[PDB]
Amino acid sequence: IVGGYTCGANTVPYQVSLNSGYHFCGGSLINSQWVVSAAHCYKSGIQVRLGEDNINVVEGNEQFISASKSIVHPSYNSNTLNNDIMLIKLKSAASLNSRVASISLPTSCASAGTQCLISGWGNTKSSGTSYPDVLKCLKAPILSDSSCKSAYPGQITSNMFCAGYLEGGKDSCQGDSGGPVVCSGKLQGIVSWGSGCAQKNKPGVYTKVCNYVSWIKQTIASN
Ligand SMILES: [Ca+2]
């Protein structure tokens, strides 16, 4: 996250870190057994880390649970990033508490102008590289589909939305991928892609979670 703020420990209780020896992507806890992330974060050997603030220090609220199964969206296309969503099942159920909590799925899509919270352990610099140990947060609005499409000609599908600031300086970034965009208490986006980070006229692009609620629910119901 570039241009954000330190969230505070366990203030984003649905945020997970995906670990394969190291943090590599975010995700969102949606029930005691399942995490939502980006399909481009897929890899074998995932350990889901819940209850994290400093990802390099054991602080006392963590739950580390290996993934039993990952399900990339049936129609994910890694070239275009269309349908950049996956589900990860935990080998054991998380113990839910005030610091480890699921986030609700949306019932309808969000609208441009809606304020959201974006979070992660990704790069905090737009030129250069600095990875934080503690969780970072950014409040940002959803942008109109027309402004999104104009910013990224030929690239924005109906399964994507833009959020952030056209002036630059405030965005998600590499290492935030897979993490949450939460608006009014609902998971509306997944950190997906963008041109660099925090660049003028290049807002963040996010997977449009509302399009996937039926798939998520049916997948969980049979897995
Ligand atoms: Ca920790």
# chains A, B, ... in the order shown; residues from 1 in each chain; ligands from 1
>>> residues_near_ligand(ligand="ligand 1", cutoff="9 Å", atoms="only C-alpha atoms and all ligand atoms", output="list in words")
residues 49, 50, 51, 52, 53, 54, 55, 56, 57, 58, 59, 60, 61, 62, 133 and 134 of chain A
>>> closest_atom_pairs(of="range 123-180 of chain A", to="range 8-13 of chain A", cutoff="12 Å", atoms="only C-alpha atoms", output="Markdown table")
| residue | atom | partner | partner_atom | distance |
| --- | --- | --- | --- | --- |
| A:133 | CA | A:9 | CA | 11.3 |
| A:134 | CA | A:9 | CA | 7.8 |
| A:135 | CA | A:8 | CA | 7.3 |
| A:136 | CA | A:8 | CA | 8.2 |
| A:137 | CA | A:12 | CA | 8.9 |
| A:138 | CA | A:12 | CA | 11.7 |
| A:179 | CA | A:12 | CA | 11.1 |
| A:180 | CA | A:12 | CA | 9.6 |
>>> closest_residue(among="A:198, A:220, A:46, A:16", to="residue 29 in chain A", atoms="only C-alpha atoms")
A:16
>>> atom_distance(atom1="CA of residue 116 in chain A", atom2="CA of residue 143 in chain A")
11.0 Å
>>> closest_residue(among="A:64, A:34, A:121, A:42", to="residue 5 in chain A", atoms="only C-alpha atoms")
A:121
>>> residues_around(residues="residue 139 in chain A", least_positions_apart="2", cutoff="8 Å", atoms="only C-alpha atoms", output="ChimeraX atom specification")
/A:4,115-118,137,141
>>> write_last_selection(atoms="N, CA, C and O atoms", output="mmCIF file, in the first residue's frame")
data_model
loop_
_atom_site.group_PDB
_atom_site.id
_atom_site.type_symbol
_atom_site.label_atom_id
_atom_site.label_comp_id
_atom_site.auth_asym_id
_atom_site.auth_seq_id
_atom_site.Cartn_x
_atom_site.Cartn_y
_atom_site.Cartn_z
ATOM 1 N N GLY A 4 -0.757 5.123 2.298
ATOM 2 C CA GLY A 4 -1.719 4.746 3.318
ATOM 3 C C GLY A 4 -1.220 5.001 4.692
ATOM 4 O O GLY A 4 -0.407 5.901 4.930
ATOM 5 N N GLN A 115 -16.880 4.682 -0.544
ATOM 6 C CA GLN A 115 -15.607 4.590 0.115
ATOM 7 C C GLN A 115 -15.310 3.170 0.580
ATOM 8 O O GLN A 115 -16.176 2.486 1.128
ATOM 9 N N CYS A 116 -14.023 2.819 0.404
ATOM 10 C CA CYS A 116 -13.668 1.479 0.794
ATOM 11 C C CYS A 116 -12.313 1.486 1.533
ATOM 12 O O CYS A 116 -11.550 2.416 1.442
ATOM 13 N N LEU A 117 -12.044 0.374 2.207
ATOM 14 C CA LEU A 117 -10.797 0.124 2.907
ATOM 15 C C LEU A 117 -10.037 -0.979 2.185
ATOM 16 O O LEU A 117 -10.533 -2.106 2.043
ATOM 17 N N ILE A 118 -8.812 -0.657 1.776
ATOM 18 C CA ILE A 118 -7.910 -1.564 1.067
ATOM 19 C C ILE A 118 -6.721 -1.800 1.982
ATOM 20 O O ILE A 118 -6.222 -0.845 2.575
ATOM 21 N N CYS A 137 -3.065 0.223 5.445
ATOM 22 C CA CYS A 137 -4.454 0.490 5.123
ATOM 23 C C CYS A 137 -4.540 1.749 4.242
ATOM 24 O O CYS A 137 -3.741 2.655 4.381
ATOM 25 N N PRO A 141 -11.981 5.655 -2.834
ATOM 26 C CA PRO A 141 -13.272 5.499 -3.467
ATOM 27 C C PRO A 141 -13.226 4.617 -4.697
ATOM 28 O O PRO A 141 -12.235 4.601 -5.425
#
>>> residues_around(residues="range 206-213 of chain A", least_positions_apart="2", cutoff="8 Å", atoms="only C-alpha atoms", output="PDB file with N, CA and C atoms, in the first residue's frame")
ATOM      1  N   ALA A  38      -6.802 -13.701  -4.948  1.00  0.00           N
ATOM      2  CA  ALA A  38      -6.692 -13.539  -6.399  1.00  0.00           C
ATOM      3  C   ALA A  38      -6.189 -14.846  -7.003  1.00  0.00           C
ATOM      4  N   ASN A  83     -11.464 -12.544 -14.321  1.00  0.00           N
ATOM      5  CA  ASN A  83     -11.861 -13.534 -13.329  1.00  0.00           C
ATOM      6  C   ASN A  83     -10.717 -13.876 -12.374  1.00  0.00           C
ATOM      7  N   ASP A  84     -10.051 -12.820 -11.871  1.00  0.00           N
ATOM      8  CA  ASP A  84      -8.889 -12.986 -10.988  1.00  0.00           C
ATOM      9  C   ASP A  84      -9.352 -13.209  -9.551  1.00  0.00           C
ATOM     10  N   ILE A  85      -9.805 -14.449  -9.304  1.00  0.00           N
ATOM     11  CA  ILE A  85     -10.362 -14.832  -8.014  1.00  0.00           C
ATOM     12  C   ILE A  85     -10.106 -16.333  -7.816  1.00  0.00           C
ATOM     13  N   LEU A 105     -19.918 -11.255   2.391  1.00  0.00           N
ATOM     14  CA  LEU A 105     -20.011 -11.100   0.959  1.00  0.00           C
ATOM     15  C   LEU A 105     -21.080 -10.056   0.618  1.00  0.00           C
ATOM     16  N   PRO A 106     -20.965  -9.405  -0.510  1.00  0.00           N
ATOM     17  CA  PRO A 106     -21.973  -8.385  -0.813  1.00  0.00           C
ATOM     18  C   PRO A 106     -23.232  -9.065  -1.347  1.00  0.00           C
ATOM     19  N   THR A 107     -24.332  -8.351  -1.173  1.00  0.00           N
ATOM     20  CA  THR A 107     -25.612  -8.666  -1.707  1.00  0.00           C
ATOM     21  C   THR A 107     -25.968  -7.956  -3.025  1.00  0.00           C
ATOM     22  N   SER A 108     -25.306  -6.872  -3.334  1.00  0.00           N
ATOM     23  CA  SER A 108     -25.387  -6.135  -4.571  1.00  0.00           C
ATOM     24  C   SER A 108     -24.021  -5.503  -4.770  1.00  0.00           C
ATOM     25  N   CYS A 109     -23.794  -5.123  -6.036  1.00  0.00           N
ATOM     26  CA  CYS A 109     -22.564  -4.463  -6.375  1.00  0.00           C
ATOM     27  C   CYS A 109     -22.510  -3.100  -5.754  1.00  0.00           C
ATOM     28  N   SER A 158     -16.087  -6.502 -17.443  1.00  0.00           N
ATOM     29  CA  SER A 158     -17.179  -6.374 -16.531  1.00  0.00           C
ATOM     30  C   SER A 158     -16.898  -6.993 -15.162  1.00  0.00           C
ATOM     31  N   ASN A 159     -15.807  -7.718 -15.020  1.00  0.00           N
ATOM     32  CA  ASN A 159     -15.395  -8.355 -13.786  1.00  0.00           C
ATOM     33  C   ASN A 159     -14.328  -7.576 -13.033  1.00  0.00           C
ATOM     34  N   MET A 160     -14.139  -6.299 -13.386  1.00  0.00           N
ATOM     35  CA  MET A 160     -13.122  -5.455 -12.811  1.00  0.00           C
ATOM     36  C   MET A 160     -13.728  -4.115 -12.466  1.00  0.00           C
ATOM     37  N   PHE A 161     -13.174  -3.457 -11.474  1.00  0.00           N
ATOM     38  CA  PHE A 161     -13.456  -2.040 -11.222  1.00  0.00           C
ATOM     39  C   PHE A 161     -12.168  -1.366 -10.783  1.00  0.00           C
ATOM     40  N   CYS A 162     -12.146  -0.051 -10.937  1.00  0.00           N
ATOM     41  CA  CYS A 162     -11.035   0.755 -10.468  1.00  0.00           C
ATOM     42  C   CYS A 162     -11.410   1.433  -9.156  1.00  0.00           C
ATOM     43  N   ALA A 163     -10.396   1.631  -8.318  1.00  0.00           N
ATOM     44  CA  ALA A 163     -10.566   2.390  -7.079  1.00  0.00           C
ATOM     45  C   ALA A 163      -9.273   3.113  -6.809  1.00  0.00           C
ATOM     46  N   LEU A 187     -17.196  -7.313   1.377  1.00  0.00           N
ATOM     47  CA  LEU A 187     -16.045  -7.544   0.495  1.00  0.00           C
ATOM     48  C   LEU A 187     -16.455  -7.311  -0.949  1.00  0.00           C
ATOM     49  N   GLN A 188     -16.107  -6.147  -1.491  1.00  0.00           N
ATOM     50  CA  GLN A 188     -16.485  -5.801  -2.860  1.00  0.00           C
ATOM     51  C   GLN A 188     -15.355  -6.015  -3.859  1.00  0.00           C
ATOM     52  N   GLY A 189     -14.096  -6.012  -3.410  1.00  0.00           N
ATOM     53  CA  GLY A 189     -13.001  -6.151  -4.355  1.00  0.00           C
ATOM     54  C   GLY A 189     -11.894  -7.022  -3.811  1.00  0.00           C
ATOM     55  N   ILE A 190     -11.060  -7.458  -4.765  1.00  0.00           N
ATOM     56  CA  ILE A 190      -9.803  -8.169  -4.498  1.00  0.00           C
ATOM     57  C   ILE A 190      -8.713  -7.415  -5.243  1.00  0.00           C
ATOM     58  N   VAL A 191      -7.617  -7.111  -4.546  1.00  0.00           N
ATOM     59  CA  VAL A 191      -6.473  -6.449  -5.181  1.00  0.00           C
ATOM     60  C   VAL A 191      -5.982  -7.318  -6.347  1.00  0.00           C
ATOM     61  N   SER A 192      -5.977  -6.745  -7.557  1.00  0.00           N
ATOM     62  CA  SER A 192      -5.696  -7.516  -8.771  1.00  0.00           C
ATOM     63  C   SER A 192      -4.497  -6.972  -9.531  1.00  0.00           C
ATOM     64  N   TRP A 193      -4.583  -5.755 -10.102  1.00  0.00           N
ATOM     65  CA  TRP A 193      -3.495  -5.279 -10.949  1.00  0.00           C
ATOM     66  C   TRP A 193      -3.528  -3.769 -11.082  1.00  0.00           C
ATOM     67  N   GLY A 204      -5.748   1.683  -9.219  1.00  0.00           N
ATOM     68  CA  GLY A 204      -5.772   0.266  -8.993  1.00  0.00           C
ATOM     69  C   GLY A 204      -6.987  -0.382  -9.653  1.00  0.00           C
ATOM     70  N   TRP A 215     -21.036 -18.213  -7.416  1.00  0.00           N
ATOM     71  CA  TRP A 215     -19.973 -19.205  -7.526  1.00  0.00           C
ATOM     72  C   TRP A 215     -19.338 -19.493  -6.190  1.00  0.00           C
ATOM     73  N   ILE A 216     -19.047 -18.474  -5.396  1.00  0.00           N
ATOM     74  CA  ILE A 216     -18.459 -18.689  -4.091  1.00  0.00           C
ATOM     75  C   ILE A 216     -19.362 -19.569  -3.231  1.00  0.00           C
ATOM     76  N   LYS A 217     -20.652 -19.186  -3.157  1.00  0.00           N
ATOM     77  CA  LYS A 217     -21.558 -19.924  -2.278  1.00  0.00           C
ATOM     78  C   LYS A 217     -21.712 -21.354  -2.740  1.00  0.00           C
TER      79      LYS A 217
END
>>> select_by_dssp(residues="range 142-211 of chain A", states="alpha helix (DSSP H)", output="PyMOL selection string")
chain A and resi 145-151
>>> atom_distance(atom1="CA of residue 147 in chain A", atom2="CA of residue 39 in chain A")
25.0 Å
>>> select_by_dssp(residues="range 2-217 of chain A", states="strand (DSSP E)", output="VMD selection string")
chain A and resid 5 to 6 15 to 19 23 to 31 34 to 37 47 to 50 63 to 72 86 to 90 115 to 120 136 to 141 160 to 163 180 to 183 186 to 193 204 to 208
